Structures are given as C-alpha cells and as structure tokens.
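Peer 1: take these chains first, placed just as they are in the complex:
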Amino acid sequence: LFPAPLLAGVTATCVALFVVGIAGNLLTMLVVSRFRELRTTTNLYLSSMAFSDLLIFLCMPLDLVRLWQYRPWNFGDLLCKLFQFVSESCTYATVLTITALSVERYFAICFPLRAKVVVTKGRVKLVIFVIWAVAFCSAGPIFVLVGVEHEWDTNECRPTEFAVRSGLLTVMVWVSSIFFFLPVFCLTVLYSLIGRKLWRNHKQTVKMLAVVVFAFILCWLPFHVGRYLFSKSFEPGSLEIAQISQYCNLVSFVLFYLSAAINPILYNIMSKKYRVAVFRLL
C-alpha cells in the first residue's frame, strides 16, 4: 500500500529501535540478576517489564514482514494465533507493571514508614504472578479473532471475518481501551500527588515524572485510536476513514516499538546504583 521508500525508512528505524531495546533489556536483566544488592522490590517489576519487552521485540520481525511485504502466510494458522497472543499478553503485562510501579512509588513516598512496615517481596512476587495471569487471561480471546485468510497463493494473518461480522471486534477494542484508560488515570493522579508532596530542589524528580507520563500518553493514545479506526474501517460506508486508519496504525506501530525501547531508559536512568553496577561490569 504505502510507497516503498517509506517502508524502507520505517524498517531501518524499527531495527534501530530493536537493537536499542534488546541491548537495554539484556543489560537490565544481567545487572539485576548478577547483583544481590540490586535485587530490590522495584527491580522485580523492572525485570518483568524487561522480559515482556524482550518478547515483544523477539516478535517484531514477523510484524515487519507482515506489513513490509504481504508475503503469503505459509507458516501456519497456529503460529499466526500464537504470535499475536504472545504480543498482546506482553503488552498487557507491560502496562500492568507500569501501573504497579506507579502505585508502589506513591505508597512508598507519601507513607514512608507504613510502606516500609507493610511492603514485602513475598507479596510482590504474588502481585507479579497475578499481573501475568491477568495478561494471559485478557489476551486469551485472540485465538478466535485472529486467523489466516486466503484470497495458498496469497495468505495473511488477519482478524477473522466471522469475528468481524459477529461483533467480537468492538468488544475486544473496548477491552483493550480499558488497558489505556486505567493506567493513564493511575499514573496521572498518583504522580501528581507525588509531585505535590515533593513540591511543598526536587525539580528534576517532578520533571522526570512528567516526561514519563507524557511519553506513556504519547505512545499509547495513538495505539488505541488506531485500533478504534481499524475496527470502524470495516463499515462498507467507511471510505475516507481508510487512509487515516492506515497511517494511524502505521504510526501506532512505530510508537508501539518505541515504547519497548524507551521504557528501560525512563525507569533505569536515575538510579545511581544501576550506573555504578554497569561500570562495575566493565
């Protein structure tokens, strides 16, 4: 659909993001595992996000092939379903872990002594397990929506025409939009409270929290607006909406892989313990 040079440039930027994200996630996992002192409560969530982003990036080349070439899907139906299941589960786990980090930071800042009394790692691992279970159970209706569509000469991994006709598409759209509406509210409110507490010096902590929330909204709002436009693109009367839904989803694709690349920088750059650990690796 899109002109060839545009897809070449998008592929170059995507592979650069792939390199950056793979390096960042590997470094984060190695640093957390190697050092017992850096095995803090927040580092468990950071490691879970690193694993989720690593799986998302390991799934990237099939996505680039799927947009880039429209090559026939000779890989099978089961792989077509499993690939998108893994991707969706990883995205849900990422956003849930972001929300969990926001909540933990709020509780540890506004109520320090009570947080140190109550917060324990044994509950943290349980929270991580519940997060992953919720991801695997909210991304589980993707074995019905997604299937290989023919017309073996031409094949693509695409949402199923029966799912589209029956109406599962809009329900899944709203279920996914919940995963945007809740994390944005939690991040915004809790980080505003943290900044208000710290603002009563401390300028960079608040500015960094505002960059983090702005990056979250910047990267995740187009993803769900593009999904809404895609779901609405299937109406036979929707002619003008096709080009916008196309370039909206391509931009959401690029910001989707931008999120997995920028998450380690946003959450690991100000530690001053991560930095010395990395320089200790040498």
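Peer 2: Perfect, thanks for sending it. Numbers count the residues shown, from 1 in each chain, chains lettered A, B, ... in the order given.

Peer 1: just give me how far the helix ranked longest in chain A sits from the chain centre.
Peer 2: Ranked by number of residues, the top helix in chain A under DSSP state H is helix A:77-110. Its chain's C-alpha centre and that of helix A:77-110 lie 6 Å apart, by CA atoms, centre = their mean, to the nearest Å.

Peer 1: swap in stretch A:9-17?
Peer 2: On CA atoms, centre = their mean, the centre of stretch A:9-17 falls 18 Å from that of its chain.

Peer 1: sketch out the strands for the stretch 1-150 of chain A, chain order is fine.
Peer 2: A:146-150 (DSSP state E, counting those that start in this stretch).

Peer 1: show me where it has helices.
Peer 2: Assigned by DSSP state H, counting those that start in this stretch, the stretch 1-150 of chain A shows helices spanning A:4-34, A:41-58, A:60-68, A:77-110, A:112-118, A:121-138, A:142-145.

Peer 1: JSON lines for those, including distance to residue A:212?
Peer 2: Where you see a C-beta, it was placed from the backbone N, CA and C, and this is true even at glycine. Formatted as JSON lines, the helices of the stretch 1-150 of chain A follow (distance: least, CB to CB, whole Å):
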{"stretch": "helix A:4-34", "distance to residue A:212": "16"}
{"stretch": "helix A:41-58", "distance to residue A:212": "13"}
{"stretch": "helix A:60-68", "distance to residue A:212": "23"}
{"stretch": "helix A:77-110", "distance to residue A:212": "9"}
{"stretch": "helix A:112-118", "distance to residue A:212": "20"}
{"stretch": "helix A:121-138", "distance to residue A:212": "19"}
{"stretch": "helix A:142-145", "distance to residue A:212": "29"}
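
Peer 1: need phi/psi at residue A:140.
Peer 2: phi -90, psi -20 (degrees, to the nearest 10).

Peer 1: pull the number of nearby residues for it.
Peer 2: Look at residue A:140: counted by other CB atoms under 10 Å, it has 12 neighbours.

Peer 1: quick test: name the residue nearest the centre of chain A.
Peer 2: residue A:91 (3.9 Å; CA atoms, centre = their mean).

Peer 1: so how far is residue A:237 from residue A:245?
Peer 2: 14 Å (CB to CB, to the nearest Å).

Peer 1: now residue A:81
Peer 2: Relative to residue A:237, and taking CB to CB, residue A:81 is found at 30 Å.

Peer 1: if we can go back for a sec, which strands or helices does the longest helix of chain A pack on?
Peer 2: helix A:41-58, helix A:112-118, helix A:121-138, helix A:142-145, strand A:146-150, strand A:155-159, helix A:168-199, helix A:241-268 (3 or more CB pairs under 8 Å, 6 or more residues apart in numbering; DSSP states H and E).

Peer 1: then add chain B to what we have above:
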Amino acid sequence: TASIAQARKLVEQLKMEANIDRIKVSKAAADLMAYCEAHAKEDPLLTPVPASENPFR
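Peer 2: This next block brings in chain B, placed alongside the chains you saw above:
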C-alpha cells in the same frame, strides 16, 4: 604518683625484654623456607587437588 609507678613498671619490662638470646635472621629465614619446602605437597591451596579428591567440587 601513678606516673612514676608506670615508668618504673615500663623500665622493669624493658629490662626483662632486653635479656634475650637472638639467632641470626639468615638462619630463621632458612628455617622458614625449609618448612615451606618440606610441606609443599600437602597444601591443597598451593597445589590444587583433582576434582575426584576435592570435597567442594
């Protein structure tokens, strides 16, 4: 009058410690070297043992 008592005690200690027969440093170093050489084969850290004999591997 505690300072003079302490000084007397220190003088007595120095007097006792001065009367000691001392051997040469060459002989003492030779003795240390000989002990090190005679027990070299019994040192697991100096000469590591095979993994079949190591209780920690």
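
Peer 1: in light of the added chain B, please revisit what packs on helix A:77-110.
Peer 2: helix A:41-58, helix A:112-118, helix A:121-138, helix A:142-145, strand A:146-150, strand A:155-159, helix A:168-199, helix A:241-268 (3 or more CB pairs under 8 Å, 6 or more residues apart in numbering or on different chains; DSSP states H and E).

Peer 1: quick one: residues contacting residue A:46.
Peer 2: By CB atoms under 8 Å, 6 or more residues apart in numbering or on different chains, the contact set of residue A:46 is A:28, A:32, A:101, A:264, A:267-268.

Peer 1: cool, and residue A:205?
Peer 2: Residue A:205 makes contacts with A:195, A:198, as judged by CB under 8 Å, 6+ apart.

Peer 1: secondary structure element for it?
Peer 2: Take DSSP states H and E as the rule and residue A:205 turns out to sit in helix A:203-232.

Peer 1: between helix A:241-268 and that helix, find me the angle.
Peer 2: 150 degrees (axes from the mean of the first three to the mean of the last three CA atoms, to 10 degrees).

Peer 1: buried ones in helix A:203-232?
Peer 2: Residues of helix A:203-232 classed as buried: A:206, A:209, A:212-213, A:215-216, A:219-220, A:222-231 (neighbour count, 16 or more other CB atoms under 10 Å in any protein chain shown).

Peer 1: in this structure residue A:206 contacts residue A:197, no?
Peer 2: No. Residue A:206 is beyond contact range of residue A:197, at 10.0 Å (criterion: CB atoms under 8 Å).

Peer 1: residue A:95 versus the spatially closest residue to residue A:194 that is not a sequence neighbour, what's the distance?
Peer 2: The spatial neighbour of residue A:194 that comes closest, neighbours along the chain excluded (CB to CB, 6 or more residues apart in numbering or on different chains), is residue A:109 at 5.2 Å. Plainly put, residue A:109 is 21 Å away from residue A:95 if you go by CB to CB.

Peer 1: residue A:110 too?
Peer 2: Separation of residue A:110 from residue A:95 (CB to CB): 23 Å.

Peer 1: neighbour count winner among those two?
Peer 2: residue A:95 (23 against 15; other CB atoms under 10 Å in any protein chain shown).

Peer 1: my guess is that one contacts residue A:224. True?
Peer 2: No. If you go by CB under 8 Å, residue A:95 and residue A:224 don't touch, sitting 11.0 Å apart.

Peer 1: sorry, back to before: burial of the residue nearest to residue A:194, as a residue count?
Peer 2: Count around residue A:109 with other CB under 10 Å applied: 17.

Peer 1: which residues touch it?
Peer 2: Residues in contact with residue A:109 (CB under 8 Å, 6+ apart) are A:194, A:197-198.

Peer 1: with residue A:63 instead?
Peer 2: Contacts of residue A:63 (CB under 8 Å, 6+ apart): A:87, A:253.

Peer 1: chain C goes on too:
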Amino acid sequence: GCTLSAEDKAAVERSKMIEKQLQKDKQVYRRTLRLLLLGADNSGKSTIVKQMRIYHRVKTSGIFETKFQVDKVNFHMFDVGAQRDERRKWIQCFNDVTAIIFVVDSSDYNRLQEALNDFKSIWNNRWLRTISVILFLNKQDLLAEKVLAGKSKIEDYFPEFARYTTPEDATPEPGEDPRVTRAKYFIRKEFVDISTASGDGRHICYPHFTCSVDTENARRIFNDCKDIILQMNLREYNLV
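Peer 2: Alright, chain C goes in next:
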C-alpha cells in the same frame, strides 16, 4: 531428593525450618528503627532517655538500650556505657543505624568547641557518611538565663559573634528577647555550617532546640526519621 539418604533429607528439612525461623526474625528486624544516642557528660541525654521511657544488669554494662513507640512504630535507642575514651573502633558497629542523636549542652561556651569537634568527627567519618544526625541543642532555659544575665559573653570564645546579625527571616518564640534569638541562631548556625561544609547530598542534619521540661522530643525524632526514610525511599525507588 535423589542421591540423598533419609538422614540427609531430614537434615535438609531441619535447615529449611531454620530458614523459616530466620525469615520470621527478618520481618521483625526490618520493622524497627535503631538509633544511637551520643553526647557528653553535661549534655543531659539521661533526662532525654528518661522522658523517652514515658513512651514505653551487670556493673560493667557496655550498652544500654531503651525502647519506645510513636504511632505504632518501634524505636530502639542504644546508649554507650562502661567504654573507654577511644571511640574509633566501636563506633563502626553503628554504621547501619537509622540516625544518630547528638545531644549538646548549649548553656556553657567553654565546651562548645569540643561538641563542634565531636560533630565534625561524627559527620566526616568514613563509615558514618550515610547516617543522618538528629541534633538536640539541649538546656535552652539555662542559655536564656546566661544571655540575659550578661556576665558571660559568647564573643570571648567565638569572636565572629559580634559580626553576626540574626537573619531577617526567622521564627522566634513569643516573648523571647532578640538577644536570646541571636545567640540560639548563631549556636545552631555553627553546627549547620559544619554539616553543610561537606557531604550534604548523602545525609542531612536536623537541628532542634530542646529543654528538660520539653516533652515533644519523641515526636521530633519520629518526624526526622520519617524524613530520613522518605529520602532513602526516593533513592531506592529510582526517583531521586
């Protein structure tokens, strides 16, 4: 497990039970906050621990410990007794306490420089770099009487007092003479200057003006420890 005899399995089970008990001990160890109380013989920290005892033994006893609770938070204060003058060796055991409580008798200016040197040594120590200090400038009424009498002068021992003027922004207690405020602010400024001369990022000093009748020292310790824990949480949670 495989290639383990029955006695080996029972020994492993006993070790696991020991680890369980160790975790139960670890939770309680993490709950409480440990403080080290320091001062001189004229500081009056004995009255401070006596009034902490409101919040609820061999002759050669090396350490005295008192416990108290503020808002369901357990504090453990350790007072050093029956030890020699040399502190360079046994002070390293308190390099992981939450805070150091330094008590100073501000009434007499003869030993104020000794207290300042003690504060310098505590602040600049290699193993006490991380620890914050809660500074109590005790015996405020005696200092007020000494500065109202006019017999004793602070410029004799601190010549820069004559050039000192109290800051325009200040919060004097009602009914307090300007001379008392100037003396108190200069005395606190000495310690604050020492504190801010180096290592301000890692640890913070918390100066207070207390007395023998004052009964709010427990709340002050609670608030300062809350701020210390807040700073530690900011450091740990990748916020800074």
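
Peer 1: go back to the contacts of residue A:109, now with chain C?
Peer 2: Here residue A:109 is in contact with A:194, A:197-198, C:230, C:233-234, C:237, C:239 (criterion: CB under 8 Å, 6+ apart).

Peer 1: coming back round to it: for the longest helix of chain A, buried residues please.
Peer 2: Those would be A:80-81, A:83-102, A:104-110, for helix A:77-110 by 16+ other CB under 10 Å.

Peer 1: kindly export stretch C:228-240 (C-alpha atoms) in PDB.
Peer 2: Taking C-alpha atoms only, stretch C:228-240 is exported to PDB below (Å, rounded to 0.1, in the frame of the first residue of the first chain):
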ATOM      1  CA  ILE C 228      15.200  10.100  56.600                       C
ATOM      2  CA  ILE C 229      13.100   7.100  55.400                       C
ATOM      3  CA  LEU C 230      11.500   9.300  52.700                       C
ATOM      4  CA  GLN C 231      14.900  10.300  51.400                       C
ATOM      5  CA  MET C 232      16.000   6.600  51.400                       C
ATOM      6  CA  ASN C 233      12.900   5.600  49.600                       C
ATOM      7  CA  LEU C 234      13.500   8.300  47.000                       C
ATOM      8  CA  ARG C 235      17.000   6.900  46.500                       C
ATOM      9  CA  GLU C 236      15.900   3.300  46.300                       C
ATOM     10  CA  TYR C 237      12.800   3.600  44.000                       C
ATOM     11  CA  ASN C 238      14.800   5.100  41.100                       C
ATOM     12  CA  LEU C 239      13.200   8.500  41.700                       C
ATOM     13  CA  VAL C 240      16.000  10.600  43.300                       C
END
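
Peer 1: how far out from the middle of the chain is it?
Peer 2: 20 Å.

Peer 1: for that stretch, which positions count as buried?
Peer 2: Those would be C:228-234, C:236-240, for stretch C:228-240 by 16+ other CB under 10 Å.

Peer 1: please apply the same query to stretch C:104-113.
Peer 2: For stretch C:104-113, the neighbour count (16+ other CB under 10 Å) marks C:104-107, C:109, C:111-112 as buried.

Peer 1: got it, and stretch C:198-212?
Peer 2: C:203-211.

Peer 1: and residue C:96, how many neighbours?
Peer 2: 9.

Peer 1: so it lies in a strand, does it not?
Peer 2: No. In this structure, residue C:96 is coil, not part of a strand, as judged by DSSP: H, G, I helix; E, B strand; the rest coil.

Peer 1: residue in chain B nearest to chain C?
Peer 2: Residue nearest to chain C within chain B (CB to the nearest CB): residue B:55, separated by 15.2 Å.

Peer 1: for the stretch 51-200 of chain A, same thing?
Peer 2: For the stretch 51-200 of chain A, CB to the nearest CB, closest residue to chain C: residue A:112, 4.2 Å.
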